[PDB]
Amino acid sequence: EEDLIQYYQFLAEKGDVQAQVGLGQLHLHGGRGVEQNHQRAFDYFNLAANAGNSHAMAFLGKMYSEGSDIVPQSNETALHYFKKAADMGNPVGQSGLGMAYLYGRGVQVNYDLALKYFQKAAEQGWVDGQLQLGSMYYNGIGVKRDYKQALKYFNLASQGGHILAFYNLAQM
């Protein structure tokens, strides 16, 4: 079991992008056998992102949107990354741009754009995108109020994004 973690660090060192992102995330939270390190997380994420991995880009965007002493907070490079991610089209990126257009974070407030981004994320099962979309329907922000739309997306979010999510969690 320890060998599997070291094997992964080995494959990541040799350019396995999947391994870089996976490990990046485990250091970001502390994991299977992995001790938590934001340093190692940011470094892995830069590796995979420079290789073009959309998930890595989005993780960076997050770390810049919510800055620590290792990654100092900056909404401008968080935007840079959410936009690279979203172009490809990663739901986390789509959500990020969504928030930016909803609240004018580094961009002019634009409710249609927000709406379309949250919808794109929401379709891909991204619970947050669904929550955001639900709020906009509930509060009639991007659109005219539809409590039932809100109900649909809130329901999806509560199921974990998809009716089958339970079963994936049932084995995790």
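Numbering starts at 1 and runs along the sequence shown.
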Original post:
In the PDB record, does 29-37 or 131-139 carry the higher mean Cα temperature factor?
Top reply: 29-37
**OP:** Compare the mean C-alpha B-factor of 66-74 with that of 52-60 as given in the PDB entry, and name the stretch with the higher value.
**Re:** 66-74
**OP:** Would you please rank residue 111 by its C-alpha temperature factor against the other modelled residues of its chain and give the third it falls in: lowest, middle or highest?
**Re:** highest
Original post:
What third of its chain's C-alpha B-factors does residue 152 belong to: lowest, middle or highest?
Top reply: middle
Original post:
Based on the entry's values, in what third of the chain does the Cα temperature factor of residue 44 lie: lowest, middle or highest?
Top reply: lowest
Original post:
Can you tell me which third, lowest, middle or highest, the CA B-factor of residue 126 falls into for its chain?
Top reply: lowest
Subject >> Lowest, middle or highest third - CA B-factor, residue 105 >> reply: middle
